[PDB]
Amino acid sequence: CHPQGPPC
Amino acid sequence: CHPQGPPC
Amino acid sequence: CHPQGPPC
Amino acid sequence: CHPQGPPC
Amino acid sequence: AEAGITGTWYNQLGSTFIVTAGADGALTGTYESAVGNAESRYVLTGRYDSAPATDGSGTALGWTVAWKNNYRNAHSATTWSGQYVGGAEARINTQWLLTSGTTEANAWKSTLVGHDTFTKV
Amino acid sequence: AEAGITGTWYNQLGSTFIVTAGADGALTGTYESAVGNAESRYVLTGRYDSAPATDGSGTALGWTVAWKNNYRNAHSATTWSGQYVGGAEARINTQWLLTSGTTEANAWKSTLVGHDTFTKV
Amino acid sequence: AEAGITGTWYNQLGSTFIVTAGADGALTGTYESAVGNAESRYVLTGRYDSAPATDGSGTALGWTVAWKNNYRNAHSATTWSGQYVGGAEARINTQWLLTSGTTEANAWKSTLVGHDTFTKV
Amino acid sequence: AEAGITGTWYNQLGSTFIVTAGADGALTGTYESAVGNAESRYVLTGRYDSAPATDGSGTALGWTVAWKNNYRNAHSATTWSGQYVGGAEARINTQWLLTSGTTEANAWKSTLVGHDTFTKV
């Protein structure tokens, strides 16, 4: 879960 | 006017 | 190890 | 002759 | 996919692409530009995954058009890379690369990049 | 180009590509990965400009590999777009796009981009 | 552009970008991810053309985010490249490149490519 | 990286880039074109990872140049995305996107893509 993606 | 584009 | 890469 | 290219 | 791919697709600028997806991974058809005309038709060829994953993943695919036919030679070729997603509102989402033939002094600016979505409607 | 394209090409990571360029713009052959093996061979198909400009411009071309054969299915496809330059030290310079089949939540990160140079040596 | 750029922009996945466009071409602000949170905020910096053409052409611009803040380090950086178009329904249309830090054996697959549209709504 | 990045870098076409890497992730400097000249100098700004992984992974980074200075306005902007690799023969490997400001009818062909390697030599 990369920060560019949804969420987080 | 390249054929990939609009028109022609 | 994707086939495009080295090796395999 | 765009400034990114060679020369200028 | 396979039978789901076979047919007519339209993009957001008015271009039309007609394709057959063959049983062992082959794509074959024609591409025609906006206006629509006997003279804006070009040959396409590509490949697709003929046994995709059974979860809700898309089917990966790619094809090429060289921009030369009997009426016109634009000295360039485009590749599209993307995936088919099926169902009620099926679509093909792609990104593309267009390279022109150039002299070596001009080679650093030979290639454009962009993106298209194709629908059955 | 045409006869100049037909043959074996090698890239900087150890991959090998064997191609026939047909008289009316067709490219057909096989791609094989590093190691080199009966089982790292995949089908390729593409198109090239069969009447290029007579000045020192390159010949524009493109091809596709779907990464499925009888031994392996990687659920992805790569397109290469570029130009052939001939002469003493002939080469094909390309940029490429690799798309994996994904769920819709993962679609924003489905595609990698990079670049290769192929030589006859 | 300039005053037209300054403000809050939203993309199609739920991310928010707040920017000031300075008189001599500077862009400065913060990017925050979906959820929206004190801990999904990252610094951005870029440049824009401060004297664009007077016809209906867009304003060209670009910015960078390194994905490290006080709570998280993802060892990667994204650049967006695009143009601002103003008027009733203003938008910024972009394409982007995301590179991860890798070992040399993994360097061929270090970079993803995609595209976003930002609106004021 | 940090101190390893700070300095003068040269690419394969004759361009020169001078950069300071600041303690909390900032990159600032100037870019100058081939010829080398008081009038081919443009401002650059970007970001880099100031705490990279301790294994042999590269440091991820990105920067932007808007092509306007006191002598010339080319109505365009370039972003470079890549990673620094240190040691005996340090280099920065990148891919780039160049967008021109266009009318909406021309927007599909607004962006070029390519790649550069920078060295200290």
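Quick note: numbers on chain F are straight from Swiss-Prot, i.e. 37-157, in order.
The backbone N, Cα and C atoms fix where each Cβ goes, and this holds for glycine too.
According to Swiss-Prot, the biotin binding site annotation covers F:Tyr67, F:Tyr78, F:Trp116, F:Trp132, F:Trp144.
F:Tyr78 (biotin binding site) falls within a strand segment according to DSSP. In sequence order, no residues are near F:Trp144 (biotin binding site), counting only same-chain partners six or more apart with C-beta under 8 A. Looking at F:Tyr67, F:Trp116, the binding-site residues in this record, the fewest other C-beta atoms within 10 angstroms of the C-beta turn up around F:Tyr67. Filtering of the binding-site residues F:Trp116, F:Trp132, F:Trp144 by Cβ separation from chain G (threshold: under 8 Å) yields F:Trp144, ordered along the sequence. When secondary structure is read from DSSP and collapsed to three states, F:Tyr67 (biotin binding site) falls in the strand class.
Less than 8 angstroms from a Cβ of chain A: among the binding-site residues F:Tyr67, F:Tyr78, F:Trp116, F:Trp132, that describes none of them.
Taking 8 Å as the upper bound (exclusive) on CB-CB distance to chain E, the binding-site residues F:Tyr67, F:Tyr78, F:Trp116, F:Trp144 give F:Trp116 in sequence order. The record assigns F:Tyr67, F:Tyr78, F:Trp116, F:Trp132, F:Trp144 to the biotin site; their largest pairwise CA distance measures 28 Å. Filtering of the binding-site residues F:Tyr67, F:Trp116, F:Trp144 by Cβ separation from chain C (threshold: under 8 Å) yields no residue.
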